[PDB]
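A short write-up of the structure that comes next.
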Number of protein chains: 2
Amino acid sequence: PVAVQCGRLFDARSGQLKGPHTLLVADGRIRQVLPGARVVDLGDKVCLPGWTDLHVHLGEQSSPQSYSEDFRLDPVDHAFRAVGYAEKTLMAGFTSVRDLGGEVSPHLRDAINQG
Amino acid sequence: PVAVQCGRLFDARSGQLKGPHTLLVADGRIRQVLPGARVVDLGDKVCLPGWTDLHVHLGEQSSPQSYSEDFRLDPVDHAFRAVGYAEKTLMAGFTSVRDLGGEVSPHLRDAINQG
């Protein structure tokens, strides 16, 4: 049960920035948004929900050697690179993505969901 | 029957440069080498036998896009390029070549021999 302390809350539904707020997190879900249990301090930070990227290709990245690469590399190499690509995407603030092509993402999703 | 007039003859067998000479050409072969019939003047030129290149690949040429090209191009394109490559080779003084790899040269040789 971790209580997160935020100096400023962004209301996605309306589109306005509210004042200080306290979020109660339990069981992986948000329980209470009481304005104002381990404590997390973010007093000097603007609090926002996680971002979603509705168009990504986590199995690949463009390079000067991209086109010649489609006959030399196996999907295992693409998975080994997608590990780092997914970590980079998560650290940038995007907690969800929609992948729009490639047969490694269904396996990457299964691996991520299993921890 | 064309008589070629040469100011200086190179003797390949011995390796020395001789003096003026007259070659008699008939039936695609050399008949007489009399020292001295249509006449060809090369008085200011050193005459030498045709050259041979014992290692060529007339079906290809190296380029920055060479490796990515092995999955996109068909042998017909390679033949169309080998036409110009063979003309360039012949004009440089090489009347014979030994080709050491590629399945277009046996067809190029047949085409050249047929005229």
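The chains in the structure tokens are called A, B, ... from first to last as shown; in each chain the residues are counted from 1, and the ligands are counted from 1 in the order shown.
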Least-squares fit of chain A onto chain B (C-alpha, ordered pairing) as a short mmCIF file (atom, residue, chain, number, x, y, z; two decimals) with N, CA, C and O atoms, in the first residue's frame:
data_model
loop_
_atom_site.label_atom_id
_atom_site.label_comp_id
_atom_site.auth_asym_id
_atom_site.auth_seq_id
_atom_site.Cartn_x
_atom_site.Cartn_y
_atom_site.Cartn_z
N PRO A 1 42.29 -9.34 -97.39
CA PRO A 1 43.75 -9.38 -97.22
C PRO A 1 44.30 -8.00 -96.84
O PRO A 1 44.52 -7.21 -97.73
N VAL A 2 44.51 -7.76 -95.54
CA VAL A 2 44.97 -6.42 -95.08
C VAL A 2 46.43 -6.50 -94.64
O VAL A 2 46.73 -7.37 -93.80
N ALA A 3 47.29 -5.64 -95.18
CA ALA A 3 48.71 -5.61 -94.76
C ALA A 3 48.90 -4.50 -93.73
O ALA A 3 48.63 -3.33 -94.06
N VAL A 4 49.38 -4.86 -92.54
CA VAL A 4 49.52 -3.87 -91.44
C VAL A 4 50.97 -3.41 -91.39
O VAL A 4 51.86 -4.27 -91.37
N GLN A 5 51.19 -2.09 -91.39
CA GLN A 5 52.58 -1.57 -91.40
C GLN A 5 52.93 -1.09 -89.99
O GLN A 5 52.24 -0.20 -89.49
N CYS A 6 53.99 -1.66 -89.40
CA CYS A 6 54.36 -1.32 -88.01
C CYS A 6 55.77 -0.75 -87.96
O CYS A 6 56.66 -1.35 -88.59
N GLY A 7 55.97 0.35 -87.24
CA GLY A 7 57.31 0.97 -87.14
C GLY A 7 58.22 0.16 -86.24
O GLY A 7 59.43 0.11 -86.52
N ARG A 8 57.66 -0.45 -85.19
CA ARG A 8 58.45 -1.23 -84.24
C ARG A 8 57.65 -2.45 -83.81
O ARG A 8 56.50 -2.32 -83.39
N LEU A 9 58.27 -3.62 -83.91
CA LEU A 9 57.65 -4.88 -83.54
C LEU A 9 58.19 -5.36 -82.20
O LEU A 9 59.41 -5.31 -81.97
N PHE A 10 57.30 -5.82 -81.33
CA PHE A 10 57.68 -6.41 -80.05
C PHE A 10 57.65 -7.92 -80.19
O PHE A 10 56.63 -8.50 -80.57
N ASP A 11 58.78 -8.57 -79.90
CA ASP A 11 58.90 -10.02 -80.00
C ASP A 11 58.58 -10.62 -78.64
O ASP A 11 59.40 -10.59 -77.72
N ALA A 12 57.37 -11.18 -78.52
CA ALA A 12 56.94 -11.75 -77.24
C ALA A 12 57.80 -12.95 -76.85
O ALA A 12 58.11 -13.14 -75.67
N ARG A 13 58.18 -13.78 -77.83
CA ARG A 13 58.91 -15.00 -77.52
C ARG A 13 60.25 -14.71 -76.88
O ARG A 13 60.65 -15.39 -75.92
N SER A 14 60.97 -13.71 -77.38
CA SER A 14 62.29 -13.36 -76.86
C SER A 14 62.25 -12.24 -75.84
O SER A 14 62.97 -12.29 -74.84
N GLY A 15 61.43 -11.22 -76.06
CA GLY A 15 61.35 -10.09 -75.17
C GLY A 15 62.13 -8.87 -75.61
O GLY A 15 62.57 -8.10 -74.75
N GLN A 16 62.31 -8.66 -76.91
CA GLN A 16 63.05 -7.53 -77.43
C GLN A 16 62.19 -6.79 -78.46
O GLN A 16 61.27 -7.35 -79.04
N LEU A 17 62.52 -5.52 -78.66
CA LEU A 17 61.82 -4.68 -79.62
C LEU A 17 62.60 -4.66 -80.93
O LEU A 17 63.76 -4.21 -80.96
N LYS A 18 61.98 -5.13 -82.00
CA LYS A 18 62.61 -5.18 -83.31
C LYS A 18 62.35 -3.88 -84.06
O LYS A 18 61.86 -2.90 -83.49
N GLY A 19 62.67 -3.85 -85.35
CA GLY A 19 62.48 -2.67 -86.16
C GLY A 19 61.18 -2.72 -86.94
O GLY A 19 60.25 -3.45 -86.60
N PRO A 20 61.10 -1.92 -88.01
CA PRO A 20 59.87 -1.87 -88.80
C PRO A 20 59.53 -3.22 -89.40
O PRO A 20 60.40 -4.01 -89.77
N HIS A 21 58.23 -3.50 -89.49
CA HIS A 21 57.77 -4.78 -90.00
C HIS A 21 56.41 -4.63 -90.66
O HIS A 21 55.67 -3.66 -90.42
N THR A 22 56.09 -5.61 -91.51
CA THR A 22 54.84 -5.66 -92.25
C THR A 22 54.19 -7.02 -92.03
O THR A 22 54.80 -8.05 -92.33
N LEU A 23 52.97 -7.01 -91.51
CA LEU A 23 52.21 -8.22 -91.25
C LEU A 23 51.16 -8.41 -92.34
O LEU A 23 50.48 -7.46 -92.73
N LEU A 24 51.02 -9.64 -92.81
CA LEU A 24 50.02 -9.99 -93.81
C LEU A 24 48.92 -10.79 -93.13
O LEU A 24 49.19 -11.88 -92.60
N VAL A 25 47.69 -10.28 -93.16
CA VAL A 25 46.56 -10.90 -92.47
C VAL A 25 45.56 -11.38 -93.51
O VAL A 25 45.10 -10.60 -94.35
N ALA A 26 45.23 -12.67 -93.44
CA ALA A 26 44.28 -13.28 -94.35
C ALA A 26 43.57 -14.42 -93.63
O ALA A 26 44.20 -15.22 -92.94
N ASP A 27 42.24 -14.49 -93.79
CA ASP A 27 41.46 -15.61 -93.21
C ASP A 27 41.48 -15.56 -91.67
O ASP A 27 41.27 -16.62 -91.06
N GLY A 28 41.70 -14.39 -91.08
CA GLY A 28 41.76 -14.30 -89.64
C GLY A 28 43.04 -14.79 -89.01
O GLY A 28 43.10 -14.94 -87.79
N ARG A 29 44.07 -15.06 -89.81
CA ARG A 29 45.34 -15.57 -89.31
C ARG A 29 46.48 -14.78 -89.92
O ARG A 29 46.33 -14.13 -90.96
N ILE A 30 47.63 -14.84 -89.26
CA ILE A 30 48.84 -14.18 -89.75
C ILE A 30 49.57 -15.13 -90.69
O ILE A 30 49.82 -16.29 -90.35
N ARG A 31 49.90 -14.63 -91.88
CA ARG A 31 50.55 -15.44 -92.90
C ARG A 31 52.03 -15.11 -93.07
O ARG A 31 52.86 -16.03 -93.12
N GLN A 32 52.39 -13.83 -93.15
CA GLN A 32 53.77 -13.44 -93.37
C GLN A 32 54.14 -12.27 -92.47
O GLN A 32 53.31 -11.40 -92.18
N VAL A 33 55.41 -12.25 -92.06
CA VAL A 33 55.97 -11.25 -91.17
C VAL A 33 57.14 -10.58 -91.90
O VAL A 33 58.17 -10.26 -91.30
N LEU A 34 57.00 -10.40 -93.21
CA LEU A 34 58.09 -9.88 -94.02
C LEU A 34 58.54 -8.51 -93.49
O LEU A 34 57.70 -7.64 -93.25
N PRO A 35 59.84 -8.31 -93.27
CA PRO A 35 60.31 -7.01 -92.78
C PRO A 35 60.24 -5.94 -93.86
O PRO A 35 60.28 -6.21 -95.06
N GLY A 36 60.13 -4.69 -93.40
CA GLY A 36 60.07 -3.56 -94.30
C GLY A 36 60.06 -2.22 -93.58
O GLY A 36 59.03 -1.79 -93.07
N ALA A 37 45.89 -5.65 -101.86
CA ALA A 37 45.93 -5.83 -100.39
C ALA A 37 45.81 -4.47 -99.71
O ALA A 37 46.74 -3.66 -99.83
N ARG A 38 44.69 -4.21 -99.01
CA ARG A 38 44.47 -2.89 -98.38
C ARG A 38 45.64 -2.63 -97.42
O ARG A 38 46.19 -3.61 -96.90
N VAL A 39 45.97 -1.36 -97.16
CA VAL A 39 47.18 -1.01 -96.36
C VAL A 39 46.76 -0.29 -95.08
O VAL A 39 45.93 0.63 -95.17
N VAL A 40 47.32 -0.70 -93.93
CA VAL A 40 47.02 -0.01 -92.64
C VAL A 40 48.33 0.61 -92.13
O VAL A 40 49.30 -0.15 -91.96
N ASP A 41 48.34 1.91 -91.87
CA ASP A 41 49.55 2.63 -91.49
C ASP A 41 49.56 2.79 -89.97
O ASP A 41 48.62 3.33 -89.39
N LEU A 42 50.64 2.32 -89.33
CA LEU A 42 50.88 2.52 -87.91
C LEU A 42 52.35 2.89 -87.70
O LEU A 42 53.04 2.35 -86.84
N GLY A 43 52.84 3.81 -88.53
CA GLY A 43 54.26 4.11 -88.54
C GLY A 43 54.77 4.69 -87.24
O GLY A 43 55.90 4.43 -86.83
N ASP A 44 53.94 5.48 -86.56
CA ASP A 44 54.31 6.12 -85.31
C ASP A 44 53.78 5.37 -84.09
O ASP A 44 53.57 5.98 -83.03
N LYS A 45 53.58 4.06 -84.20
CA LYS A 45 53.02 3.26 -83.13
C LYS A 45 53.89 2.04 -82.87
O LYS A 45 54.57 1.54 -83.77
N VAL A 46 53.96 1.62 -81.61
CA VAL A 46 54.72 0.38 -81.28
C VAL A 46 53.75 -0.79 -81.45
O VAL A 46 52.67 -0.74 -80.84
N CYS A 47 54.10 -1.78 -82.27
CA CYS A 47 53.15 -2.87 -82.55
C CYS A 47 53.36 -4.02 -81.58
O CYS A 47 54.51 -4.42 -81.36
N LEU A 48 52.26 -4.54 -81.05
CA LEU A 48 52.31 -5.59 -80.05
C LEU A 48 51.19 -6.59 -80.26
O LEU A 48 50.17 -6.27 -80.89
N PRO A 49 51.35 -7.82 -79.78
CA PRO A 49 50.24 -8.77 -79.79
C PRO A 49 49.16 -8.38 -78.79
O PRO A 49 49.38 -7.58 -77.88
N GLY A 50 47.98 -8.95 -78.98
CA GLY A 50 46.88 -8.69 -78.07
C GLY A 50 47.15 -9.26 -76.69
O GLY A 50 47.86 -10.26 -76.52
N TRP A 51 46.56 -8.62 -75.68
CA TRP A 51 46.78 -8.98 -74.29
C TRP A 51 45.75 -9.99 -73.82
O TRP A 51 44.65 -10.11 -74.37
N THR A 52 46.11 -10.72 -72.76
CA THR A 52 45.22 -11.69 -72.13
C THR A 52 45.14 -11.39 -70.64
O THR A 52 46.17 -11.18 -69.99
N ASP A 53 43.92 -11.37 -70.11
CA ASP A 53 43.67 -11.18 -68.68
C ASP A 53 43.19 -12.51 -68.11
O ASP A 53 42.06 -12.93 -68.38
N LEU A 54 44.03 -13.15 -67.30
CA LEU A 54 43.77 -14.50 -66.82
C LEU A 54 42.90 -14.54 -65.57
O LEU A 54 42.77 -15.61 -64.97
N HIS A 55 42.33 -13.42 -65.15
CA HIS A 55 41.47 -13.42 -63.96
C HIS A 55 40.53 -12.22 -64.06
O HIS A 55 40.92 -11.09 -63.76
N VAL A 56 39.28 -12.47 -64.47
CA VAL A 56 38.25 -11.45 -64.54
C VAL A 56 36.93 -12.05 -64.09
O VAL A 56 36.76 -13.27 -64.03
N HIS A 57 35.99 -11.17 -63.75
CA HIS A 57 34.60 -11.53 -63.45
C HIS A 57 33.73 -10.58 -64.26
O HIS A 57 33.32 -9.52 -63.76
N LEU A 58 33.44 -10.94 -65.51
CA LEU A 58 32.72 -10.03 -66.39
C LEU A 58 31.25 -9.90 -66.03
O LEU A 58 30.59 -8.99 -66.54
N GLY A 59 30.72 -10.77 -65.18
CA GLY A 59 29.33 -10.70 -64.80
C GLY A 59 28.99 -9.76 -63.67
O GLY A 59 27.82 -9.66 -63.30
N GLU A 60 29.98 -9.06 -63.12
CA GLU A 60 29.75 -8.25 -61.94
C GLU A 60 30.77 -7.12 -61.87
O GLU A 60 31.81 -7.14 -62.54
N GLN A 61 30.47 -6.13 -61.03
CA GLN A 61 31.38 -5.06 -60.70
C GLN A 61 31.09 -4.58 -59.28
O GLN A 61 29.92 -4.43 -58.90
N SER A 62 32.14 -4.34 -58.51
CA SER A 62 31.98 -3.99 -57.10
C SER A 62 31.47 -2.56 -56.95
O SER A 62 31.88 -1.66 -57.68
N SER A 63 30.59 -2.37 -55.98
CA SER A 63 29.93 -1.09 -55.75
C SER A 63 29.54 -1.01 -54.28
O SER A 63 29.54 -2.03 -53.58
N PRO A 64 29.23 0.18 -53.78
CA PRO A 64 28.75 0.28 -52.39
C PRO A 64 27.46 -0.48 -52.13
O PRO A 64 27.17 -0.80 -50.97
N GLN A 65 26.67 -0.78 -53.16
CA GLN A 65 25.44 -1.55 -53.02
C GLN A 65 25.59 -2.99 -53.49
O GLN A 65 24.62 -3.60 -53.94
N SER A 66 26.80 -3.55 -53.38
CA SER A 66 27.07 -4.86 -53.96
C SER A 66 26.37 -5.97 -53.19
O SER A 66 25.75 -6.86 -53.79
N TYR A 67 26.46 -5.95 -51.86
CA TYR A 67 25.99 -7.09 -51.08
C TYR A 67 24.47 -7.14 -51.00
O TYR A 67 23.88 -8.22 -51.03
N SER A 68 23.82 -5.98 -50.92
CA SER A 68 22.36 -5.93 -50.90
C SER A 68 21.74 -6.29 -52.24
O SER A 68 20.52 -6.45 -52.33
N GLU A 69 22.56 -6.40 -53.29
CA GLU A 69 22.11 -6.60 -54.66
C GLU A 69 21.90 -8.06 -55.02
O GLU A 69 21.32 -8.35 -56.08
N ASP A 70 22.34 -9.00 -54.18
CA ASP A 70 22.30 -10.42 -54.49
C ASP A 70 20.92 -11.04 -54.32
O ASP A 70 20.75 -12.22 -54.62
N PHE A 71 19.94 -10.27 -53.84
CA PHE A 71 18.59 -10.77 -53.64
C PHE A 71 17.56 -9.99 -54.45
O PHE A 71 16.38 -10.37 -54.44
N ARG A 72 17.96 -8.92 -55.14
CA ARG A 72 17.05 -8.09 -55.91
C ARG A 72 17.20 -8.24 -57.41
O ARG A 72 16.22 -8.11 -58.14
N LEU A 73 18.41 -8.50 -57.90
CA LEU A 73 18.71 -8.47 -59.32
C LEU A 73 18.76 -9.88 -59.90
O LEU A 73 19.21 -10.83 -59.24
N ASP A 74 18.29 -10.01 -61.13
CA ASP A 74 18.25 -11.24 -61.89
C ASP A 74 19.43 -11.33 -62.84
O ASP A 74 20.07 -10.31 -63.15
N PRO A 75 19.77 -12.53 -63.31
CA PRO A 75 20.91 -12.66 -64.24
C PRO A 75 20.76 -11.89 -65.54
O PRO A 75 21.77 -11.62 -66.21
N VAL A 76 19.53 -11.53 -65.94
CA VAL A 76 19.35 -10.76 -67.17
C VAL A 76 19.97 -9.37 -67.02
O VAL A 76 20.61 -8.85 -67.94
N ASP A 77 19.78 -8.74 -65.85
CA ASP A 77 20.43 -7.46 -65.58
C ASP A 77 21.95 -7.59 -65.64
O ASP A 77 22.64 -6.72 -66.19
N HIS A 78 22.48 -8.68 -65.09
CA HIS A 78 23.92 -8.90 -65.11
C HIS A 78 24.43 -9.06 -66.53
O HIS A 78 25.52 -8.59 -66.86
N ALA A 79 23.66 -9.73 -67.40
CA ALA A 79 24.05 -9.83 -68.80
C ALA A 79 24.03 -8.48 -69.49
O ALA A 79 24.94 -8.15 -70.27
N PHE A 80 22.99 -7.68 -69.23
CA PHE A 80 22.90 -6.36 -69.86
C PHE A 80 24.07 -5.47 -69.45
O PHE A 80 24.53 -4.64 -70.23
N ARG A 81 24.54 -5.62 -68.21
CA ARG A 81 25.73 -4.88 -67.79
C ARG A 81 27.02 -5.49 -68.34
O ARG A 81 27.97 -4.76 -68.68
N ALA A 82 27.08 -6.82 -68.45
CA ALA A 82 28.25 -7.49 -68.99
C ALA A 82 28.50 -7.15 -70.44
O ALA A 82 29.64 -7.24 -70.90
N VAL A 83 27.46 -6.75 -71.19
CA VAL A 83 27.68 -6.29 -72.56
C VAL A 83 28.65 -5.11 -72.58
O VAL A 83 29.69 -5.13 -73.26
N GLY A 84 28.35 -4.07 -71.79
CA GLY A 84 29.22 -2.92 -71.74
C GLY A 84 30.56 -3.23 -71.10
O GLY A 84 31.60 -2.70 -71.52
N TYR A 85 30.57 -4.10 -70.08
CA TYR A 85 31.83 -4.48 -69.46
C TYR A 85 32.75 -5.16 -70.47
O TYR A 85 33.96 -4.89 -70.51
N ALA A 86 32.20 -6.05 -71.30
CA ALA A 86 33.00 -6.75 -72.29
C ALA A 86 33.51 -5.81 -73.37
O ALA A 86 34.65 -5.93 -73.83
N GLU A 87 32.67 -4.86 -73.80
CA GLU A 87 33.15 -3.88 -74.78
C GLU A 87 34.29 -3.04 -74.21
O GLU A 87 35.30 -2.80 -74.89
N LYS A 88 34.16 -2.61 -72.95
CA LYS A 88 35.22 -1.84 -72.31
C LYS A 88 36.50 -2.66 -72.21
O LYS A 88 37.60 -2.13 -72.43
N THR A 89 36.39 -3.94 -71.85
CA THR A 89 37.57 -4.79 -71.76
C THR A 89 38.25 -4.95 -73.11
O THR A 89 39.48 -4.89 -73.21
N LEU A 90 37.46 -5.16 -74.17
CA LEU A 90 38.05 -5.33 -75.50
C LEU A 90 38.74 -4.06 -75.97
O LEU A 90 39.82 -4.12 -76.58
N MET A 91 38.15 -2.89 -75.70
CA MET A 91 38.75 -1.65 -76.17
C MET A 91 40.05 -1.30 -75.45
O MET A 91 40.84 -0.51 -75.99
N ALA A 92 40.29 -1.86 -74.28
CA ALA A 92 41.50 -1.55 -73.53
C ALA A 92 42.72 -2.33 -74.02
O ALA A 92 43.81 -2.14 -73.48
N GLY A 93 42.55 -3.18 -75.03
CA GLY A 93 43.65 -3.94 -75.58
C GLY A 93 43.69 -5.40 -75.20
O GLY A 93 44.68 -6.07 -75.51
N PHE A 94 42.67 -5.92 -74.53
CA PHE A 94 42.64 -7.31 -74.08
C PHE A 94 41.73 -8.09 -75.01
O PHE A 94 40.51 -8.03 -74.90
N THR A 95 42.34 -8.85 -75.92
CA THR A 95 41.61 -9.63 -76.90
C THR A 95 41.17 -10.99 -76.38
O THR A 95 40.37 -11.66 -77.05
N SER A 96 41.66 -11.41 -75.22
CA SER A 96 41.24 -12.66 -74.60
C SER A 96 41.20 -12.49 -73.09
O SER A 96 41.99 -11.74 -72.51
N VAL A 97 40.26 -13.19 -72.45
CA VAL A 97 40.13 -13.19 -71.00
C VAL A 97 39.79 -14.59 -70.53
O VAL A 97 39.15 -15.38 -71.24
N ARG A 98 40.21 -14.90 -69.31
CA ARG A 98 39.81 -16.11 -68.60
C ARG A 98 38.87 -15.71 -67.47
O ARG A 98 39.28 -14.99 -66.55
N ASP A 99 37.63 -16.16 -67.55
CA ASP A 99 36.62 -15.83 -66.55
C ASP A 99 36.59 -16.92 -65.48
O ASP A 99 36.53 -18.11 -65.80
N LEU A 100 36.63 -16.51 -64.22
CA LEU A 100 36.84 -17.42 -63.10
C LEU A 100 35.65 -17.44 -62.15
O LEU A 100 35.82 -17.48 -60.93
N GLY A 101 34.44 -17.42 -62.68
CA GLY A 101 33.27 -17.54 -61.83
C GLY A 101 32.09 -16.73 -62.30
O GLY A 101 32.23 -15.56 -62.66
N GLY A 102 30.91 -17.34 -62.28
CA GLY A 102 29.68 -16.67 -62.70
C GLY A 102 29.03 -17.44 -63.83
O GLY A 102 29.68 -17.89 -64.76
N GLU A 103 27.71 -17.54 -63.77
CA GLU A 103 26.98 -18.33 -64.79
C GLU A 103 26.36 -17.44 -65.87
O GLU A 103 25.23 -17.73 -66.28
N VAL A 104 27.08 -16.42 -66.33
CA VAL A 104 26.58 -15.57 -67.44
C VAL A 104 27.67 -15.59 -68.51
O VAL A 104 27.33 -15.40 -69.67
N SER A 105 28.90 -15.89 -68.12
CA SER A 105 30.05 -15.83 -69.06
C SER A 105 29.93 -16.90 -70.14
O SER A 105 30.26 -16.59 -71.29
N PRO A 106 29.55 -18.16 -69.84
CA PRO A 106 29.31 -19.17 -70.88
C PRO A 106 28.28 -18.69 -71.92
O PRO A 106 28.43 -19.05 -73.04
N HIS A 107 27.27 -17.90 -71.53
CA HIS A 107 26.32 -17.32 -72.47
C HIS A 107 26.92 -16.12 -73.19
O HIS A 107 26.69 -15.93 -74.39
N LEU A 108 27.68 -15.29 -72.48
CA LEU A 108 28.35 -14.16 -73.11
C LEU A 108 29.36 -14.63 -74.15
O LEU A 108 29.49 -14.03 -75.22
N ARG A 109 30.09 -15.71 -73.84
CA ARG A 109 31.04 -16.27 -74.79
C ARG A 109 30.33 -16.79 -76.03
O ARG A 109 30.80 -16.57 -77.16
N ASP A 110 29.20 -17.48 -75.85
CA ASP A 110 28.44 -17.96 -76.99
C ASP A 110 27.93 -16.80 -77.84
O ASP A 110 27.96 -16.87 -79.07
N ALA A 111 27.45 -15.73 -77.20
CA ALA A 111 26.96 -14.58 -77.93
C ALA A 111 28.07 -13.88 -78.71
O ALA A 111 27.88 -13.49 -79.86
N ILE A 112 29.24 -13.72 -78.08
CA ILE A 112 30.37 -13.07 -78.75
C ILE A 112 30.84 -13.90 -79.93
O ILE A 112 31.14 -13.37 -81.01
N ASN A 113 30.94 -15.22 -79.76
CA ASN A 113 31.42 -16.08 -80.83
C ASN A 113 30.47 -16.09 -82.02
O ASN A 113 30.90 -16.33 -83.16
N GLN A 114 29.18 -15.84 -81.80
CA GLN A 114 28.20 -15.78 -82.87
C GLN A 114 28.12 -14.41 -83.53
O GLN A 114 27.43 -14.27 -84.55
N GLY A 115 28.81 -13.40 -83.00
CA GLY A 115 28.81 -12.07 -83.56
C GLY A 115 27.69 -11.16 -83.10
O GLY A 115 27.57 -10.04 -83.61
#
Range 5-114 of chain B: residues DSSP assigns to strand (DSSP E or B), reported as JSON, numbers by chain:
{"B": [5, 6, 7, 8, 9, 10, 11, 16, 17, 21, 22, 23, 24, 25, 26, 29, 30, 31, 32, 35, 38, 39, 40, 41, 42, 43, 44, 45, 46, 47, 51, 52, 53, 54, 55, 56, 94, 95, 96, 97, 98, 99]}
Would you save the residues of that selection, restricted to N, CA and C atoms, as a compact mmCIF listing (two decimals), in the first residue's frame?
# COMPACT_ATOMS: atom_id res chain seq x y z
N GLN B 5 51.19 -2.10 -91.39
CA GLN B 5 52.58 -1.57 -91.40
C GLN B 5 52.93 -1.10 -90.00
N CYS B 6 53.99 -1.66 -89.40
CA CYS B 6 54.36 -1.32 -88.01
C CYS B 6 55.77 -0.76 -87.97
N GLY B 7 55.97 0.35 -87.25
CA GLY B 7 57.31 0.96 -87.14
C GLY B 7 58.22 0.15 -86.24
N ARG B 8 57.66 -0.46 -85.19
CA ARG B 8 58.45 -1.23 -84.24
C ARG B 8 57.65 -2.45 -83.81
N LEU B 9 58.27 -3.62 -83.91
CA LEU B 9 57.65 -4.88 -83.54
C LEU B 9 58.19 -5.36 -82.21
N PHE B 10 57.30 -5.82 -81.33
CA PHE B 10 57.68 -6.41 -80.06
C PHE B 10 57.65 -7.92 -80.19
N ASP B 11 58.78 -8.57 -79.90
CA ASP B 11 58.90 -10.02 -80.01
C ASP B 11 58.58 -10.62 -78.65
N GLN B 16 62.31 -8.66 -76.91
CA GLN B 16 63.05 -7.53 -77.44
C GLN B 16 62.20 -6.79 -78.46
N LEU B 17 62.52 -5.52 -78.66
CA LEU B 17 61.82 -4.68 -79.63
C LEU B 17 62.60 -4.66 -80.93
N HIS B 21 58.23 -3.50 -89.50
CA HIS B 21 57.77 -4.78 -90.00
C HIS B 21 56.40 -4.63 -90.66
N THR B 22 56.09 -5.61 -91.51
CA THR B 22 54.84 -5.66 -92.25
C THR B 22 54.19 -7.02 -92.03
N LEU B 23 52.97 -7.01 -91.51
CA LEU B 23 52.21 -8.23 -91.25
C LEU B 23 51.16 -8.41 -92.34
N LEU B 24 51.02 -9.64 -92.82
CA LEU B 24 50.02 -9.99 -93.82
C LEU B 24 48.92 -10.79 -93.14
N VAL B 25 47.69 -10.28 -93.16
CA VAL B 25 46.56 -10.89 -92.47
C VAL B 25 45.56 -11.38 -93.51
N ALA B 26 45.23 -12.67 -93.45
CA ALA B 26 44.28 -13.28 -94.35
C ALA B 26 43.56 -14.42 -93.63
N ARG B 29 44.07 -15.06 -89.81
CA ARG B 29 45.34 -15.57 -89.31
C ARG B 29 46.48 -14.78 -89.92
N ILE B 30 47.63 -14.84 -89.27
CA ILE B 30 48.84 -14.18 -89.75
C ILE B 30 49.56 -15.13 -90.69
N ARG B 31 49.90 -14.63 -91.88
CA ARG B 31 50.55 -15.44 -92.91
C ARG B 31 52.03 -15.12 -93.07
N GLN B 32 52.39 -13.83 -93.15
CA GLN B 32 53.77 -13.44 -93.37
C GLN B 32 54.14 -12.27 -92.47
N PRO B 35 59.84 -8.31 -93.27
CA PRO B 35 60.30 -7.01 -92.78
C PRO B 35 60.24 -5.94 -93.86
N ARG B 38 44.70 -4.23 -99.00
CA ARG B 38 44.48 -2.92 -98.34
C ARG B 38 45.68 -2.64 -97.42
N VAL B 39 45.97 -1.36 -97.16
CA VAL B 39 47.18 -1.01 -96.37
C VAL B 39 46.76 -0.29 -95.08
N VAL B 40 47.32 -0.70 -93.93
CA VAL B 40 47.02 -0.01 -92.64
C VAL B 40 48.33 0.61 -92.13
N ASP B 41 48.34 1.91 -91.87
CA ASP B 41 49.55 2.63 -91.49
C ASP B 41 49.56 2.79 -89.97
N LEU B 42 50.64 2.32 -89.33
CA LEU B 42 50.89 2.52 -87.91
C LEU B 42 52.35 2.89 -87.71
N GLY B 43 52.84 3.81 -88.53
CA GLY B 43 54.26 4.11 -88.54
C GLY B 43 54.77 4.69 -87.24
N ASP B 44 53.94 5.48 -86.56
CA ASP B 44 54.31 6.12 -85.31
C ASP B 44 53.78 5.37 -84.09
N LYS B 45 53.58 4.06 -84.21
CA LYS B 45 53.02 3.26 -83.13
C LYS B 45 53.89 2.04 -82.87
N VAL B 46 54.00 1.63 -81.61
CA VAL B 46 54.77 0.38 -81.32
C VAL B 46 53.77 -0.77 -81.42
N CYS B 47 54.02 -1.73 -82.31
CA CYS B 47 53.04 -2.83 -82.50
C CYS B 47 53.32 -3.94 -81.50
N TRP B 51 46.56 -8.62 -75.69
CA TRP B 51 46.78 -8.98 -74.29
C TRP B 51 45.75 -9.99 -73.82
N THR B 52 46.11 -10.72 -72.77
CA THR B 52 45.22 -11.69 -72.13
C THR B 52 45.14 -11.39 -70.64
N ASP B 53 43.92 -11.37 -70.11
CA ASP B 53 43.67 -11.18 -68.68
C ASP B 53 43.19 -12.51 -68.11
N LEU B 54 44.03 -13.15 -67.30
CA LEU B 54 43.77 -14.50 -66.82
C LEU B 54 42.90 -14.54 -65.57
N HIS B 55 42.33 -13.42 -65.15
CA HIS B 55 41.47 -13.42 -63.96
C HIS B 55 40.53 -12.22 -64.06
N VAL B 56 39.28 -12.48 -64.48
CA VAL B 56 38.25 -11.45 -64.54
C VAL B 56 36.93 -12.05 -64.09
N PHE B 94 42.67 -5.92 -74.53
CA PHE B 94 42.64 -7.31 -74.08
C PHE B 94 41.73 -8.10 -75.01
N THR B 95 42.34 -8.85 -75.92
CA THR B 95 41.60 -9.63 -76.90
C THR B 95 41.17 -10.99 -76.38
N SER B 96 41.66 -11.41 -75.22
CA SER B 96 41.24 -12.66 -74.60
C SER B 96 41.20 -12.49 -73.09
N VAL B 97 40.26 -13.19 -72.45
CA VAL B 97 40.13 -13.19 -71.00
C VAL B 97 39.79 -14.59 -70.53
N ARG B 98 40.21 -14.91 -69.31
CA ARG B 98 39.81 -16.11 -68.60
C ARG B 98 38.87 -15.71 -67.47
N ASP B 99 37.63 -16.16 -67.55
CA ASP B 99 36.62 -15.83 -66.55
C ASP B 99 36.59 -16.92 -65.48
Expected answer as a PyMOL selection string: helix (DSSP H, G or I) residues in chain B:
chain B and resi 67-71+75-91+105-113
